[PDB]
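Colleague: Would you mind keeping the following structure in view while I ask a few things?
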Amino acid sequence: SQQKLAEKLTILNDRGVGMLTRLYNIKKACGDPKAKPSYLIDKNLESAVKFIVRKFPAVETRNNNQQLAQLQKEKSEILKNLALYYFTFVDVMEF
Amino acid sequence: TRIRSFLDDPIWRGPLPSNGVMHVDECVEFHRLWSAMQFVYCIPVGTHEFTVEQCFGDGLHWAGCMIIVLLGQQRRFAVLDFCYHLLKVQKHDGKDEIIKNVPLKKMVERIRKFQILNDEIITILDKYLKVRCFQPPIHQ
Amino acid sequence: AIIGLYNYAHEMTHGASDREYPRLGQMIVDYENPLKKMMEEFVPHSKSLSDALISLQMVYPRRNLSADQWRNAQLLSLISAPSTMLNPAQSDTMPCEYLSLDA
Amino acid sequence: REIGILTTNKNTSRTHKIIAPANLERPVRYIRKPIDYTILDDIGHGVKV
Amino acid sequence: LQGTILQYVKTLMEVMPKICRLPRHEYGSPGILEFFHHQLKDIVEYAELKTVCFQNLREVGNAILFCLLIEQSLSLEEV
């Protein structure tokens, strides 16, 4: 009687539909080359992103070996443009 | 409107439906008589005879459809009609034979032509002219 | 790329990864073939899910008939039986009658 | 006057192909919130916690 | 309408079948044509139909068409 199954189901279904909508929009924006984030196409960040992806779960900042030198000067912008996508993925995890 | 005022005889509209909604399998309303007449003049004729559009033109259908529309029977006419039903079924199964010296494919083609004409006439008449609720069941 | 790149920006700015990066990365690397994992994840729920799905034998097969069978039953026809045009259309499983078939 | 018996006013009016609202759909921002399980307790006979 | 057409309508209503169902699709097109032709046999064989009823109906239709077209011409001269 204290499980609140009905309310929990009702809430989570709406949440799931909303997350589906958001993730579909993220997929579409990331599909056409003319609308994905500018950092996934710049030629000078290619090495940085390749290095990051090759070892995705782990963070290896120190001992970069100049594969991340460029990323260290746009960080104030990277952290401010990719916020939306990151928090959408976080909300997917919470859901 | 003035012409509608002339159809005050009870023969045109018939008696009240048994089920309390509308006649379906009965033939006590003018639109069924017109469906029968349509069946009559949608049958191919011999070469020594004249077709209906050769003798009467389009006025015949204008008169018939006017009478139907003024009485308010246009939708019942569309739903319930022998020729339209035959056309629908023949289109579904796509058969062709001869029944009492009446080729089937030619007859359905004629029926389709007349259906187009009737729809046009009814639409014009409706254009120029610009609720009975029911009770739910009661528990014993 | 997006997740790792944001996390690195955050690490360099503040010196510590974001709170949620570890579990988020673990999720992303676990559901890389999402069904192969979700199949192993739903063994505990198999019984309840099976009940809920077997319950559909009474609705799906009779809703998924062909057009000939629809003609035989004169589906959605008001004039099929003119004597019962006032009777209220009804069934025990009323919500199951207009439930989407694709769902 | 004699012909006027058979006449009746016809309803025809001027309009535009498109008419816009007085106030358009002003967009709204996306503010993240967490999943709150206590927003249906005022509907029906709720069971707070 | 209240004269000859009414009398023919009454007579043909007397002659028409009391009940006429629309057969089901399974009956066939040839069967349905045969059924209709049998049911409406008295109307099909009515001699005076095409020569009197249709004539009067044509007259009525021509009258209403004349009213419509004459109204259109009057408007076109007024403009």
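Residue numbers (the authors' numbering), protein chains in the order written: chain A, 9 to 103; chain B, 1098 to 1227, 1239 to 1248; chain C, 155 to 257; chain D, 107 to 155; chain E, 941 to 1019.
Quick reminder that beta carbons are idealized off the backbone N, C-alpha and C, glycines included.
1. Let me know the alpha helix (DSSP H) ranges lying completely inside the region 195-220 of chain C, each 4 residues or longer, listed in chain order.
2. Would you call the region 1117-1130 of chain B and the region 959-976 of chain E touching, i.e. three or more CB-CB distances under 8 Å?
3. Flag this pair as yes or no: are the beta carbons of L203 of chain C and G1117 of chain B separated by less than 9 Å?
4. Going by DSSP in three states, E251 of chain C sits in which element: helix, strand or coil?
5. Does DSSP put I49 of chain A in a helix, in a strand, or in coil?
6. From the beta carbon of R138 of chain D, is the nearest beta carbon of chain A less than 9 Å away?
7. Between the C-alpha atoms of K191 of chain C and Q180 of chain C, what's the straight-line distance to the nearest angstrom?
8. Using 9 Å as the limit for Cβ to Cβ distance, is residue 116 of chain C near chain A?
9. Taking only beta-carbon atoms, is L1113 of chain B less than 9 Å away from chain C?
10. If you reduce the DSSP assignment to three classes, tell me which class residue 1232 of chain B lands in.
11. For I233 of chain C, which residues from the same chain have a beta carbon less than 8 Å from its beta carbon, with the 5 sequence-adjacent residues on both sides left out?
12. So, is the C-beta of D1190 of chain B closer than 9 Å to a C-beta in chain E?
13. Per the DSSP calculation, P1200 of chain B is bridged to which residue(s)?
14. Count the other C-beta atoms from every protein chain shown that fall within 10 angstroms of the C-beta of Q11 of chain A, then say buried if there are 16 or more, exposed otherwise.
15. Nearest chain A C-beta to residue 78 of chain D closer than 9 Å, yes or no?
16. How big is the Cα-Cα spacing for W1109 of chain B and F1127 of chain B?
17. In or out: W1131 of chain B buried (at least 16 other Cβ within 10 Å) or exposed?
18. State the beta-bridge partners of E1123 of chain B as determined by DSSP.
19. Inspect the beta-carbon positions of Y94 of chain A and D172 of chain C and report whether they are closer than 9 Å.
20. Can a CB atom of chain D be found closer than 9 Å to the CB of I60 of chain A?
21. Give the residues from the region 1102-1126 of chain B that approach chain C closer than 7 Å (Cβ to any Cβ), ordered along the chain.
22. What does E974 of chain E touch in chain B if you count any residue whose Cβ is under 9 Å from its own?
23. How is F1211 of chain B classed by DSSP in three states: helix, strand or coil?
24. Report the neighbours of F1147 of chain B on chain C: residues whose CB is nearer than 9 Å to its CB, in chain order.
25. So which of E:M956, E:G943, E:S1015, E:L946 has the shortest CA-CA distance to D982 of chain E?
26. For the region 972-988 of chain E and the region 1192-1207 of chain B, state whether three or more C-beta atom pairs, one from each stretch, are separated by less than 8 Å.
27. Should the region 999-1010 of chain E be called in touch with the region 1151-1164 of chain B, which here means at least 3 C-beta pairs below 8 Å?
28. Would you say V984 of chain E and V1142 of chain B are within 9 Å of each other, going by their C-beta atoms?
29. Does the CB of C1241 of chain B have a neighbour CB from chain E at under 9 Å?
30. Taking 8 Å as the cut-off, is the CB of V1118 of chain B close to at least one heavy atom of the ligand ATP?
31. Take every Cβ of the region 1198-1217 of chain B, pair it with every Cβ of the region 1174-1186 of chain B, and state whether three or more of those distances are shorter than 8 Å.
32. Buried or exposed: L255 of chain C, going by 16 or more other Cβ atoms within 10 Å of its Cβ?
33. Could you name the residues of chain C that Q78 of chain A contacts, counting a contact when the two beta carbons are closer than 7 Å?
34. Indicate the three-state DSSP secondary structure (helix, strand or coil) for residue 1045 of chain B in the structure shown.
35. Compute the distance between the beta-carbons of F994 of chain E and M1134 of chain B, then report whether it is under 9 Å.
Modeller: Looking at the atomic coordinates:
1. 200-208, 214-217
2. yes
3. The sequence position of residue 203 of chain C within the third sequence is 49, counting from 1. The sequence position of residue 1117 of chain B within the second sequence is 20, counting from 1. The answer is no: Cβ separation not under 9 Å.
4. Your numbering for residue 251 of chain C matches position 97 in the third sequence. In the structure shown, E251 of chain C sits in a helix (DSSP, three-state: H, G or I).
5. In the first sequence, counting from the first residue as 1, residue 49 of chain A sits at position 41. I49 of chain A falls in the coil class under three-state DSSP.
6. The residue labelled residue 138 of chain D in the question sits at position 32 within the fourth sequence. Yes, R138 of chain D counts as interfacial toward chain A.
7. On the third sequence, residue 191 of chain C is found 37 positions in, with the first residue counted as 1. On the third sequence, residue 180 of chain C is found 26 positions in, with the first residue counted as 1. Rounded to the nearest angstrom, the two C-alpha atoms are 13 Å apart.
8. Since the first and last residues shown for chain C are 155 and 257, residue 116 of chain C lies out of range.
9. Walking along the second sequence from the start, residue 1113 of chain B turns up at place 16. So, not an interface residue.
10. Any structural detail on residue 1232 of chain B is unavailable, because chain B resumes at 1239 straight after 1227.
11. As a first step, residue 233 of chain C is located in the third sequence; it is residue number 79 there, counting from the start. These residues qualify, in order along the chain: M239.
12. Within the second sequence, residue 1190 of chain B is the residue found at index 93, counting from 1. So yes, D1190 of chain B belongs to the interface.
13. Mapped onto the second sequence, residue 1200 of chain B falls at position 103. Note: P1200 of chain B sits in a beta bridge opposite B:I1195.
14. Within the first sequence, the letter at position 3 stands for residue 11 of chain A. Per the 10 Å Cβ criterion, exposed.
15. Residue coverage of chain D in this structure runs from 107 to 155, which leaves residue 78 of chain D outside it and unanswerable.
16. By 1-based counting over the second sequence, the position of residue 1109 of chain B is 12. By 1-based counting over the second sequence, the position of residue 1127 of chain B is 30. So the alpha carbons of these two residues sit roughly 5 Å apart.
17. Position 34 of the second sequence, counted from the first residue, corresponds to residue 1131 of chain B. When all chains shown are included, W1131 of chain B counts as buried.
18. Within the second sequence, residue 1123 of chain B is the residue found at index 26, counting from 1. BP columns for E1123 of chain B point to E:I959.
19. For the purposes of this step, residue 94 of chain A is identified with residue 86 of the first sequence, where counting begins at 1. For the purposes of this step, residue 172 of chain C is identified with residue 18 of the third sequence, where counting begins at 1. Yes, Cβ-Cβ distance for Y94 of chain A and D172 of chain C is below 9 Å.
20. Here residue 60 of chain A refers to the residue found at position 52 when the first sequence is read from its first residue. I60 of chain A does not count as touching chain D.
21. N1116, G1117, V1118, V1121, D1122
22. Against the fifth sequence, residue 974 of chain E aligns to sequence position 34. Those are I1196, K1197, listed as they occur along chain B.
23. Position 114 of the second sequence holds residue 1211 of chain B. Helix, per DSSP.
24. Counting from one through the second sequence, the residue named residue 1147 of chain B turns up at place 50. Within 9 Å Cβ-Cβ: nothing; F1147 of chain B doesn't reach chain C, min ~37 Å.
25. As a first step, residue 982 of chain E is located in the fifth sequence; it is residue number 42 there, counting from the start. Nearest option by C-alpha distance: E:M956.
26. yes
27. yes
28. One-based indexing of the fifth sequence puts residue 984 of chain E at position 44. One-based indexing of the second sequence puts residue 1142 of chain B at position 45. No.
29. In the second sequence, residue 1241 of chain B corresponds to position 133, counting from 1. With 9 Å as the cut-off, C1241 of chain B does not count as an interface residue toward chain E.
30. Inclusion of the ligand ATP in the displayed structure is not the case, the ligand content being empty and no account of it being possible.
31. yes
32. Here residue 255 of chain C refers to the residue found at position 101 when the third sequence is read from its first residue. The residue is exposed, with fewer than 16 neighbouring Cβ atoms inside 10 Å.
33. Here residue 78 of chain A refers to the residue found at position 70 when the first sequence is read from its first residue. Simply none; closest approach about 12 Å.
34. Outside the displayed range of chain B (1098 to 1248) lies residue 1045 of chain B, so it cannot be described from this structure.
35. Locating residue 994 of chain E in the fifth sequence gives position 54, counting from the first residue. Locating residue 1134 of chain B in the second sequence gives position 37, counting from the first residue. In this structure, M1134 of chain B lies closer than 9 Å to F994 of chain E by Cβ.
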